[PDB]
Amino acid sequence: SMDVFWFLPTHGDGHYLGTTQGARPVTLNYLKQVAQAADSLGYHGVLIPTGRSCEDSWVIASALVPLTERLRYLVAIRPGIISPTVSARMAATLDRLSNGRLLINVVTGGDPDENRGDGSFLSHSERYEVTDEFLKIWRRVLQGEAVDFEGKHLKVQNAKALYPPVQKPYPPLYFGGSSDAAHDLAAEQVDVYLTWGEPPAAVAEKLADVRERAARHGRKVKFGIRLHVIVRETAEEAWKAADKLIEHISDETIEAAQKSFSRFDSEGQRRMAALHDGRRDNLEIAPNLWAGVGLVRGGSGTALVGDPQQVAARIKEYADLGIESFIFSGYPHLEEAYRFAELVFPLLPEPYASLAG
């Protein structure tokens, strides 16, 4: 089993990273282009990022749902900045309008300055206490229960969501995080645990950690991975495109990005930014696992670079560890969605093998 997602660039798009040259602004029209492309090409869904640098995830996802037929939308909720009952009603309404195409990404917020901008003044442990109480209220209200809950951070009395969702018991919960609080939270409440594009050995131990903690709770969780991809017909064209992607990045721009990630109280960003020491040389940290993307962009940090057979082999490597969800992205997102679907889909398991043609 394999689910292949794409990515909506709700923070901006272009041909190069770091520079504003060749930039492609995010508009309703361009978001329709990328979303309808993923829908028509046969992707399972698209991941929509959240944060201060993005347009709002819920407004975007609701606007594109009536314009697509099969595509699913992985939309992020952020506990601590919105009431859980209200968030559940939003999930229910959007899940009903799409007839069951909504997926939820639990995001705790790794930037304390951004959290303070939203009014949240919580430590790392407190963000996960809030998220724990948030998910318990959210999951139960979507199951029709009138929820009474008085915790350390959240308190609701007679919380109800009158419109039940289409997917049962609730829209599936996807979650990413590398700290101990995150691995405990994922093992207890979530349905799919997400990890960034670390080398296969490092992801296998994280999976073994989350999988063991889930067994002590009597649960089993599925796993997913987030990766950029730069695939061409030959390996030579791929590595040239990886070089060209980061050509217009001054050495001073690399250092300023490597030090703005150090303010993030995020263990996931800690590891992803530790794969590269800002060095512009030797960015290939593993066979066909380039790390030059994380030189300037937050969030994801690595990319699969190579020919179609090389990229499909790395996907099978992650899949043999138990990973069943793959969230890909590329620059620019419209052109590269066609590139991946035409070069890599026939090399993937069904139904992606029979989609190309």
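So that there is no doubt, residue numbering starts at 1 and follows the sequence shown.
- Relative to one another, 130 to 138 and 267 to 275 have unequal mean CA B-factors, and 267 to 275 is the one with the higher figure.
- Remark: stretch with higher mean C-alpha B factor among 101 to 109 and 282 to 290 is 282 to 290.
- Per the PDB record, 114 has a higher Cα B-factor than any other of 145, 114, 188, 191.
- Per the deposited record, 260 carries the highest C-alpha B-factor of all listed residues (179, 167, 260, 85).
- When all modelled residues of the chain are sorted by CA temperature factor, residue 44 is found within the lowest third.
- Sort the chain's modelled residues by C-alpha temperature factor and residue 234 lands in the highest third, per the entry.
- In the PDB entry, a CA B factor belonging to the highest third of its chain's modelled residues is recorded for residue 313.
- Among all modelled residues in this chain, the alpha-carbon of residue 62 has a temperature factor (C-alpha) in the lowest third.
- In the deposited entry, the Cα temperature factor of residue 52 sits in the middle third of values across the chain's modelled residues.
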